[PDB]
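Chains as they are written, first to last, in our numbering: chain A, 157 to 690; chain B, 157 to 690; chain C, 157 to 690; chain D, 45 to 127.
Working notes, beginning with the structure itself.
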Amino acid sequence: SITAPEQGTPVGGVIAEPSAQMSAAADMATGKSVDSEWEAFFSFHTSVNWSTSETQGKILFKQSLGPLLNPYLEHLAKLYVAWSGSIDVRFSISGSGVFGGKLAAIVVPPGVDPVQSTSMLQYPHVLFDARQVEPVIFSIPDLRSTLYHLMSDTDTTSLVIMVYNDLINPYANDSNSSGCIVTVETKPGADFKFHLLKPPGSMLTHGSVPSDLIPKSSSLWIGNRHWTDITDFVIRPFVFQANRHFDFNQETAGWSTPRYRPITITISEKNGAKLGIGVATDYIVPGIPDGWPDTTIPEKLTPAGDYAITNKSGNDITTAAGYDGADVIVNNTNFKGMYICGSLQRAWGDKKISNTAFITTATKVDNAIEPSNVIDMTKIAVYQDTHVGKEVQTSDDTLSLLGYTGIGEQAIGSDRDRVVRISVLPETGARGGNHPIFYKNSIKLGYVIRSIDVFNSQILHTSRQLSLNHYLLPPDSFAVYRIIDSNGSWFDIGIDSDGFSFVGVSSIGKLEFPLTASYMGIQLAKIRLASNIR
Amino acid sequence: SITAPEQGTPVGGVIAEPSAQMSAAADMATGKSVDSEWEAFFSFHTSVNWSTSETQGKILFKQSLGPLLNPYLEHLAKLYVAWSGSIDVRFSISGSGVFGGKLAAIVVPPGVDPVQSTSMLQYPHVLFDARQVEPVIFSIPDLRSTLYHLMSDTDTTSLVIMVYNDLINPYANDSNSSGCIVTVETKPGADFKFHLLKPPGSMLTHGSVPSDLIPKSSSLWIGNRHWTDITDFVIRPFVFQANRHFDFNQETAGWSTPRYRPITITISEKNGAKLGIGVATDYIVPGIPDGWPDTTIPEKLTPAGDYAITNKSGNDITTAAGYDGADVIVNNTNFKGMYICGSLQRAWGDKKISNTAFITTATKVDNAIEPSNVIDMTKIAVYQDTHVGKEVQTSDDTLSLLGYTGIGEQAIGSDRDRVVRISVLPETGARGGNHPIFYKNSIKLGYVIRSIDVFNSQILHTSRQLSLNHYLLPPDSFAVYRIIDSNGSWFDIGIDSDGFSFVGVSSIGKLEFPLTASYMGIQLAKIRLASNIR
Amino acid sequence: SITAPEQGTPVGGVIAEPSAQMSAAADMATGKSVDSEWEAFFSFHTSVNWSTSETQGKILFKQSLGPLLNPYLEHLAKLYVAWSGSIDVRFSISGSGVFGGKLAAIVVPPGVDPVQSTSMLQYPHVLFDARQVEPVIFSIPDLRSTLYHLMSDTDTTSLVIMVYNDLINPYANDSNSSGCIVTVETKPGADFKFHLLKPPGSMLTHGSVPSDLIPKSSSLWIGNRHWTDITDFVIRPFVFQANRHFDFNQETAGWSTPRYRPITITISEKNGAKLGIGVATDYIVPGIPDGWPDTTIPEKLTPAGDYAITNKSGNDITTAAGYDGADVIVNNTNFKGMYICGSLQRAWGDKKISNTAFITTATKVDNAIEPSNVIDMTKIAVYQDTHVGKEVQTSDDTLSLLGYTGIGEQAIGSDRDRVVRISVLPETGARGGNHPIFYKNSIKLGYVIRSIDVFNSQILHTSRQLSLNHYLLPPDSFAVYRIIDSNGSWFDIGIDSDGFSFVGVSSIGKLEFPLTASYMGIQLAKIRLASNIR
Amino acid sequence: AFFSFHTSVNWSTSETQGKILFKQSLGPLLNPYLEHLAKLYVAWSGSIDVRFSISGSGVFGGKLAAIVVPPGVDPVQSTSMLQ
Ligand SMILES: [K+]
Ligand SMILES: [K+]
Ligand SMILES: [K+]
């Protein structure tokens, strides 16, 4: 009639029933007399070194209250929404007995962000010595303004250790420098309850937690400008892109989408017009084909004929030794800064073999094209030899990004004078000590078999997910993903609300690329991102 | 000296301690009774249709014992090596006192391969009717020879539902099967106990369930054979594909991967050869490129010229009204059943810009080709003019699947004899009362503006996830997903371990395509699925 | 609503009543026990040998525990999936007074790979001298680690006989062909008890018990290479076959199936070729037909004419019963070695009585052929008088195999290089002092009336069941089937996982062929089998 | 101590007042367990129980009639047995 979450007429196992005489035997083999073991045994969280060079007032440990301080709880929070109560944080240390040095400990209240200075000690502090023997506990209370917390709450109580009085090795010279360590462990406490069970596969209203922007492995990675696989990271102080740069508001200023499909267009050439103006057929913005690239011609030019290079007046390369041995590759070609576009080129009557295309954003001037770094319905440009004879053709077409022809140039995307915004160029400088990065992609070339580099603001999959999946990120904060090469050299990437990646070191160097990417958590953009290199 | 897993001298939160009076107020917000909520209610598991046709001695439901029957446990089984105890599985029949048809319920001991036969009822069977008021329970016990199971064990108790009196309803039809569905829900049971805690790392993370095999919309969908979108579902009692047809064993007969990238090959010529034997530059199988397609030529033919099609076998025609205004179409062309790839067509020292290519598999004999379907490193075929005079060329190339040539044809992937398989062709037939399907996907044609209809066995996104993630399913079941056209109608789809989609209706027809998809559960393979049309 | 397993409305005996004064009357005439009577005597089980050639330390009879040791229990165990408890045993010898010699009987615990030596006797050993008239009783307890066992478990306690002192017959030290038969008999202890009804018609997962691999008559036996009936057996050190040879993983290296049906192919030839190449219609492996033979020509040849058989290299063409006088019948023919097949030449314009096949596998270089050690779709041979001319005359042929042509050759199968293998050739040697075998049927010749011998690795019914059904056997074990002639002369066949048979002697002689069979258990591979013959 | 499936029938519409739907002399053969054990004996004695279930949950009108005929007779396909 009206049945409840447990109501149901029982019948029992038909041949047997659950024999509780049995299950004790399992409890007899093991020590299983109690559930929720994690409430009664400590757990590693991190460890610290403390040495004589680390002076007074330094902050060693700094962690905020939360479930993440014991990974069991990090695993159970996925079921639930909320949490309330305290945490314990064991401290253990072993010094020689000849050493000295006293070491502090402070719970701070929420809303603050501590500072490596003694003014932090103008506050109730507990000390302990490096001669300490029995470990120490420091129950961290929950000092909150609300009845409970969600999992996306950083404004919490927190803890710090700091070097009250420095370390002393009497036997040591001042040149050589030793140092003990400090091991930290945690435990949930006693008043620590979660709350508000979540029905899977729900979608948390403010948004989910970003942990799928970057695929872990590498082979799943391609850039948001050209389909070729990542190979290396590139630092710049400034970054900028609009074609597929989707922010956490799931929008942009671009025109394109995160799918590298062909590009259907139509084109209405009259007399012998190799070129024309291709018009939109599929899009999200009116008058712009989806997936269209973002790069102008460098300079004005006349699309006329075939490739041309040089070796400074004028010994043209036709091999590798000249090219790789050449000084400059000045590229006298007359269709320089365009893509290559596989070019189906259908129409009624063109019983031909569909010659190949070249494109850019630019205004035509009656035979030629002028650069213009803003797209409209008009800038779309072509050069593909539609086999025209003053017999007006009106060909349908469909293309595919393959390479580039501006040989000798720098890697694409480092010149905002060229890049094709509409009105807004999304952009960041740096933030804190953390610097931006592009992602590199080798792209193909037309005449010389070599390949040039590309710059990418985002992996595609990083942009696909943001077209769809509304996430949380306070704009002052980052989504911290951690990288590990085959060797073990790691560094942390940060990702902003806008979408532009960030990193906390001035260079990388070389590394075994079959690298992976793991999740860490949220971190504040006002802080540097870590790195262990070499 | 020693310190135990809990020992450590306390000092407490120095500014304040945790107040239980606070944490109670959290419980005052919620209705927090006790942790381990999952031991006090039920959870959805699946839902099984039961049409008129299910003659008795035919099974509906079959599930072994284990924690995977309740995801709250599935999330905790990663923390404990071992488990033990019972499990209650609720049942509830749709059709509120309207229908007839008893339905059995058997627990079998471990170590069996049950059979759709009445001999299974030569055993203690419980029956219940389709006029059931209160849902039904059937507490499964844990019968075993060892004290505690592991997570990997399978030799366990298992429940089955089987038919005992075929139903009755005058309110259904032969095509659609709206009506009976048998909801199943679970609950751990009193004696259920995990055992033998483990640290995370290890967190093996296997048990991946089908939930992302299809998106929740159409516009993401694309056939594995060709990049264009879906627009219709097609039935055929047989089914066949090999290029990208992946199974839950994460393998195939397919030389290719699920990525529509281009195809790089280094063709070579001597004097004037248009055609040559393309060779790999990227692959997973030796010799064959990735993304290389599967459709042979129909016949022997000497590719030597341009397009030509003629109506009536007495004419030549180059316009739409003449195209449709046609007795038949003839295709007097020399590259008939071929493709339209882009062909960047590079080389060292070779101007005379890139042209278009045409590719299939075929065996080449000195000026021509013939259809072979058993692809090897020799069967590759091209017809691009790389401008070769009297000398080897060493023409590197890249190619992206972009069209077709065989006008006059009206579908692809329907003649299995022309399909390219390495050695084996995956294939199925009808099952239960369910039948296979294809996913239609329009495609380009070349000289003529029209298109033609492809058959596809798999969405790419389906085939991508199978390439990677070890999804779980028995050999004789589906991973059912639902479909809802935007007229409100719906039908279900099943996915066997092989990857072939399956359906239960006899027809589809036209439908409001802007549709959705969702996951209902697991269903035994040998049963008619559900449906409702118009 | 629900009806439970034992829920109904008892109206009962309408005319009468199931009384109780009567049932006890039947009891007192026949007597009773506690619902069972096979727990009070010693069933007969088997009998084995003990001859002079079995020296000290050697073994005769290892069977593990299980209900197979009592034919009342092997019967019942088809109702249950489980068991637990011991056995009582009685063995004895039917020896003369002169036949001195001593014997042993040990229960070895589980998890042992015992040895045909004497070190086992340091375990508690029972004795039984041949002179000892009266039998002996002892027990076999179920020393196990689990709460119980399953029928698919074969890692239990096990009995072993061992020759504590060898046999002696002081009289006939000429032939050494003595007897001393042993017998074994079983009674279960009251501790014995089954568990866990198996739902009838249900199989097991680990696999069934092999007790239907061989029929119970020679009349139902035929070879896995030719349809003829068995006549006699053969021993060889090396044994091998690939055509219809299946293993207990339901696999094979073959191309064929366990049938003997007409083959159907499709010639396509011209110019009076008479040497076509057959393509496939039905198969399991592509290219190769099903039921196609496993034999290559001896050597190269050129088919034009017809038969020829001559006495020697200096003389006549025997063509009569005066041919045995040759002893070196040399077969100087047009062709040799082929297998004959009937035919049905269906070609649309061949209004003539169709004509015989003369096929094999071989390479067609030219109008001649050459040997094909290996099979492929190009290595299929025919020599028909297919009624053709200049013009192509395609036809279906519908072959069916009858006999053989390689007069004078030895029994087929010996010639390894003539035998066909795709890639792999299953092969064995001696094994634990046993010998492998073939099975000898006959096959018929072309010209003379006579019949040459043929070898076979399996009976056909042994091969149908293994393609289909999932039997159980560990690799270090056999399936012991006892073979009996019309006399009481008998022996035992073991069968490994691969399907190759084995025997524990080096000869058979001849015997009353109306023979039978019976399953007897699971003996190791190390161990010698029985032989009670002459 | 429970019930075991034996067989199944079709009491369709075109069957009338006097047909027989089921007729089996007594023996082990009314239970496929016992039949597997009659191979181990040459005798039996005692009643057997039976159970029916009709599939007309509340719909199908129409009833049946049962008789326990004695040993020696061989019943017929008429109404007279209902005397
Ligand atoms: K064209
Ligand atoms: K070129
Ligand atoms: K004929």
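Ideal placement from N, C-alpha and C gives every residue a C-beta, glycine not left out.
| Beta carbon of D446/B nearer than 8 Å to that of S499/B | Position 290 of the second sequence holds residue 446/B. Position 343 of the second sequence holds residue 499/B. It is not a contact, given that the beta carbons lie outside the stated cut-off.
| said: Please confirm whether residue 735/A has its beta-carbon closer than 8 Å to some beta-carbon of chain B. | reply: In this structure chain A extends from 157 to 690, so residue 735/A is not present and cannot be described.
| said: Taking 8 Å as the threshold (C-beta atoms), are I324/C and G257/C in contact? | reply: In the third sequence, counting from the first residue as 1, residue 257/C sits at position 101. In the third sequence, counting from the first residue as 1, residue 324/C sits at position 168. Yes, the Cβ-Cβ distance between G257/C and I324/C is below 8 Å.
| Spatial distance of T413/B from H617/A (CA atoms) | As a first step, residue 413/B is located in the second sequence; it is residue number 257 there, counting from the start. As a first step, residue 617/A is located in the first sequence; it is residue number 461 there, counting from the start. If you take the alpha carbons of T413/B and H617/A, they lie about 18 Å apart.
| task | Grab me the residues of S623/B's own chain with a C-beta within less than 8 Å of its C-beta, minus the 5 sequence neighbours each way, in chain order. | result | Translated into positions along the second sequence, residue 623/B becomes position 467. Counting only Cβ-Cβ distances below 8 Å, and skipping sequence neighbours, we find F402, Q406, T413, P414.
| message | Pop quiz: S295/B and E173/A are said to be a contact at Cβ under 8 Å. What is the actual Cβ separation, rounded to whole angstroms? | response | Numbered from 1 along the second sequence, position 139 holds the residue referred to as residue 295/B. Numbered from 1 along the first sequence, position 17 holds the residue referred to as residue 173/A. So it is a contact: roughly 7 Å between Cβ atoms.
| query | Between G106/D and chain B, is there a C-beta pair that is closer than 8 Å? | reply | If you number the fourth sequence from 1, residue 106/D lands on position 62. Output row for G106/D: interface = no.
| request: Output, in chain order, the set of chain B residues within a Cβ distance shorter than 7 Å of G71/D. | output: Here residue 71/D refers to the residue found at position 27 of the fourth sequence. Simply none; closest approach about 17 Å.
| field | Opening and closing residue of the alpha helix (DSSP H) in which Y416/A lies | value | In the first sequence, counting from the first residue as 1, residue 416/A sits at position 260. Premise fails: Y416/A is in no alpha helix (DSSP H) and is neither H nor E.
| Can the beta-carbon of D330/B be found less than 8 Å from the beta-carbon of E210/B? | By 1-based counting over the second sequence, the position of residue 330/B is 174. By 1-based counting over the second sequence, the position of residue 210/B is 54. No, the pair does not count as a contact, with Cβ atoms beyond the cut-off.
| message | For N399/B, tell me which candidate among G650/B, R620/B, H305/B, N625/B has the shortest Cα-Cα distance. | response | Position 243 of the second sequence, counted from the first residue, corresponds to residue 399/B. The shortest C-alpha separation from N399/B is found at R620/B.
| Under the three-state reduction of DSSP, which class applies to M178/C: helix, strand or coil? | As a position in the third sequence, residue 178/C is number 22, starting the count at 1. Reduced to three states, the DSSP call for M178/C is coil.
| query | Whose C-alpha, out of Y595/B, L628/B, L557/B, is nearest the C-alpha of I615/B? | reply | Your numbering for residue 615/B matches position 459 in the second sequence. Closest option to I615/B, judged by alpha-carbon separation, among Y595/B, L628/B, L557/B: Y595/B.
| When every heavy atom of ligand 1 is checked, does at least one fall within less than 7 Å of the C-beta of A460/B? | Sequence index remark: in the second sequence, residue 460/B carries index 304 (1-based). Flag unset: Cβ of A460/B not near ligand 1.
| Do you know how far the Cα of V659/B is from the Cα of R638/B? | Numbered from 1 along the second sequence, position 482 holds the residue referred to as residue 638/B. Numbered from 1 along the second sequence, position 503 holds the residue referred to as residue 659/B. Between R638/B and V659/B, the C-alpha separation is close to 10 Å.
| field | Nearest candidate by alpha-carbon position, reference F611/B, set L628/B, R381/B, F350/B | value | The sequence position of residue 611/B within the second sequence is 455, counting from 1. Nearest C-alpha to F611/B: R381/B.
| query | Given a threshold of 16 other Cβ atoms within 10 Å of its Cβ, counted over all protein chains shown, does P366/B qualify as buried or as exposed? | reply | As a first step, residue 366/B must be located in the second sequence, where it is residue number 210. By the 10 Å Cβ count, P366/B comes out buried.
| Cβ neighbours of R502/B in the same chain (closer than 6 Å, five flanking residues each side left out) | In the second sequence, counting from the first residue as 1, residue 502/B sits at position 346. Answer for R502/B: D552, listed in chain order.
| Helix, strand or coil at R587/A according to DSSP, with G and I counted as helix | Working through the first sequence from its first residue, we reach residue 587/A at position 431. DSSP, reduced to helix, strand and coil, places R587/A within a strand of the structure shown.
| request: May I ask which residues mark the beginning and end of the alpha helix (DSSP H) holding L216/A? | output: Taking the first residue of the first sequence as position 1, residue 216/A is located at position 60. It is not in any alpha helix (DSSP H) - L216/A instead sits in the beta strand (DSSP E) that spans 215-220.
| task | Give the residues from the segment 159-188 of chain A that approach chain C closer than 8 Å (Cβ to any Cβ), ordered along the chain. | result | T165, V167, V170, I171
| request: For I262/B, return the contacting residues in chain C, with the cut-off set at a CB-CB distance below 9 Å. | output: If you number the second sequence from 1, residue 262/B lands on position 106. Those within 9 Å of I262/B in chain C are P355.
| Minimum C-alpha distance to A686/B - residue among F656/B, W646/B, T451/B, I215/B | Here residue 686/B is taken as the residue at index 530 of the second sequence, counted from 1. Out of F656/B, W646/B, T451/B, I215/B, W646/B has the C-alpha closest to the C-alpha of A686/B.
| Taking DSSP as the reference, what is the three-state secondary structure of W194/B? | For the purposes of this step, residue 194/B is taken as residue 38 along the second sequence, with counting starting at 1. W194/B sits in a helix when the DSSP states are folded into three classes.
| said: The beta strand (DSSP E) that contains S653/C, what's its start and end? | reply: In the third sequence, counting from the first residue as 1, residue 653/C sits at position 497. For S653/C, no beta strand (DSSP E) encloses it, and the DSSP letter there is neither H nor E.
| query | Can you name the residues of chain C whose CB is closer than 8 Å to the CB of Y279/B? | reply | Locating residue 279/B in the second sequence gives position 123, where the first residue counts as 1. What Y279/B touches in chain C: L353, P355, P356.
| task | Using a Cβ cut-off of 8 Å (strictly closer), state whether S56/D contacts chain B. | result | For the purposes of this step, residue 56/D is taken as the residue at position 12 of the fourth sequence. Using a Cβ-Cβ cut-off of 8 Å, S56/D does not count as an interface residue toward chain B, since no Cβ of chain B sits closer than that to its own.
| field | Secondary structure, beta strand (DSSP E): runs of 3+ residues fully inside the segment 402-472 of chain A | value | 419-423
| field | Closer than 8 Å to chain E by CB, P291/B | value | Here chain E cannot be found, since the structure's protein chains are A, B, C and D.
| query | Which term fits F284/A, buried or exposed, when burial requires 16 or more other beta carbons within 10 angstroms of its beta carbon? | reply | One-based indexing of the first sequence puts residue 284/A at position 128. Answer is buried; the Cβ neighbour count reaches 16.
| So, are the CB atoms of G335/C and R287/C less than 8 Å apart? | Counting from 1 along the third sequence, the entry for residue 335/C is found at position 179. Counting from 1 along the third sequence, the entry for residue 287/C is found at position 131. Their beta carbons are not under 8 Å apart, which means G335/C does not touch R287/C by this criterion.
| query | From the beta carbon of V94/D, is the nearest beta carbon of chain B less than 8 Å away? | reply | Position 50 of the fourth sequence holds residue 94/D. No, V94/D lies away from the interface with chain B (no Cβ there is under 8 Å from its Cβ).
| When the cut-off is 8 Å and only beta carbons count, does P76/D lie next to chain B? | The sequence position of residue 76/D within the fourth sequence is 32, counting from 1. Chain B, which has a Cβ nearer than 8 Å to the Cβ of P76/D, makes this yes.
| query | If you run the structure through DSSP and keep just helix, strand and coil, what is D648/C? | reply | By 1-based counting over the third sequence, the position of residue 648/C is 492. Here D648/C sits in strand by DSSP.
| field | Proximity test, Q501/A beta-carbon vs ligand 1 heavy atom, cut-off 7 Å | value | The residue you call residue 501/A lines up with position 345 of the first sequence. It does: the Cβ of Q501/A is within 7 Å (strictly closer) of some heavy atom of ligand 1.
| request: To the nearest angstrom, report how far apart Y304/B and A233/B are at their CA atoms. | output: The residue labelled residue 304/B in the question sits at position 148 within the second sequence. The residue labelled residue 233/B in the question sits at position 77 within the second sequence. Distance between the alpha carbons of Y304/B and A233/B: 14 Å.
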